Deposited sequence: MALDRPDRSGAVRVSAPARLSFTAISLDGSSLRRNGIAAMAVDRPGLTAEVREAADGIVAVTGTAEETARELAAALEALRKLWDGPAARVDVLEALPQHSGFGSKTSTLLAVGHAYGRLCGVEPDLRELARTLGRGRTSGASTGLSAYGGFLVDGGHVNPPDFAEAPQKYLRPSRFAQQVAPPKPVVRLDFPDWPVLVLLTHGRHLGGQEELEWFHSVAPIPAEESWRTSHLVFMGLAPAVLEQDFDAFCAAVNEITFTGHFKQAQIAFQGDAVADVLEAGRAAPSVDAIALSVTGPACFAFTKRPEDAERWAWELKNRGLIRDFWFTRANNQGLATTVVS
């Protein structure tokens, strides 16, 4: 037998609370989509040897380590995982957390265990700052996690904390039946030390900017999703993309390759709103005229301003498993 697992990608709108005086830090607004997706089959390894196929080396080593640990934890068989459809690594799709939880849950099912995904996340050391991928793995839809309570020492040295349980979702909603335009831009994958050094230049952000981001997320995005108000939703997405303090810093860190696409989407009458997922290269867009947006993205792809584009829709469930032979 095999356990077949499917999971959605995570698209992130913004991180919220990154100032040096707030009661809490982090917080992520995010949604789940069908494409790109993860599709993987977990079965007993014939030779009793853990085996991983169909991912980049970093994720494959990490899946092997996860399977060797869960094998010891649940006293299960050595597993092979064949990843038939991989989430693109370090592209703004939340691939590591989404894949570790999907495969872990699947191996869990193979072991006759039904794991808590927040616990599995903890066990595999995921969602230290973000609860987005962890929550969407469980629920799908649109979600905002409440990040982490800040300690009394926080105001003194905000840089030590900002950088064991993943934040639970303070908002979880079904995403309306609106199509999502995914835009794969030209974008570098960021340099670990270049990134840490970049983050320590931008953060802590002004307190007022944390507050405005909470306001745009909780009193902009989230009610628009809940009330299925397309115009309200797009107004909030654009306010985040084009005015969000931390988002602006992410766009500038990625540079012209992403900025040119966001400005093109804003300019285009076929694109009602557009966003950068994390630091990309994945951007995502909303349109009440997808026929027009298709034609717009096809020309950007021809010109070589983007590498690729596709329409997808929200996943309002999270991961799914089937037994197959």
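Missing stretches, numbered from 1 on the deposited chain sequence and kept in order: In sequence order, the gaps with no modelled C-alpha are 1-9, 173-179.
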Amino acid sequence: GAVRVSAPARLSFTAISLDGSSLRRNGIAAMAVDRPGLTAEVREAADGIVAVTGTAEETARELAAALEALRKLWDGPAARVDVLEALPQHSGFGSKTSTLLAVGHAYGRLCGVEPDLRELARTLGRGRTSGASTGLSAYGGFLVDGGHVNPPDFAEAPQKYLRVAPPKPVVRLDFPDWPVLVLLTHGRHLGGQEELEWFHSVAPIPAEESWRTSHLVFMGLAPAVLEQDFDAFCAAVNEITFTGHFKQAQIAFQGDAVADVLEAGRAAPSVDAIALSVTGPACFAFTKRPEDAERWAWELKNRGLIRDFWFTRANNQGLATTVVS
From here on, numbers count along this sequence of modelled residues.
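Return whichever of 251-259 and 134-142 has the greater mean Cα B factor according to the PDB record. On average, C-alpha B-factors are higher across 251-259.
Output the stretch having the higher mean C-alpha B factor in the entry; the candidates are 235-243 and 182-190. The stretch with the larger mean CA B-factor is 182-190.
Between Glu227, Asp75, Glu85, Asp174, which one tops the list for C-alpha B-factor in the PDB entry? In this record, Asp75 carries the highest C-alpha B-factor of the candidates.
Quiz for you: based on the deposited Cα B-factor, which of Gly94, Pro169, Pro152, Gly104 is highest? Most elevated C-alpha B-factor of the set, per the entry: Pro152.
C-alpha B factor of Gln159, ranked within the chain: lowest, middle or highest third? Highest third, going by the recorded CA B-factors of the chain.
Where does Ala222 sit by CA temperature factor within its chain: lowest, middle or highest third? Ranked within chain, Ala222 CA B lands in the lowest tercile.
Can you work out whether the C-alpha temperature factor of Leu319 puts it in the lowest, middle or highest third of the chain? Middle third, going by the recorded CA B-factors of the chain.
Relative C-alpha B-factor of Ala32, binned into the chain's lowest, middle or highest third: For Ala32, the deposited C-alpha B-factor lands in the lowest third.
Sorting the chain's modelled residues by C-alpha B-factor, tell me whether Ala268 ends up in the lowest, middle or highest third. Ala268: CA B-factor falls in the middle third of its chain.
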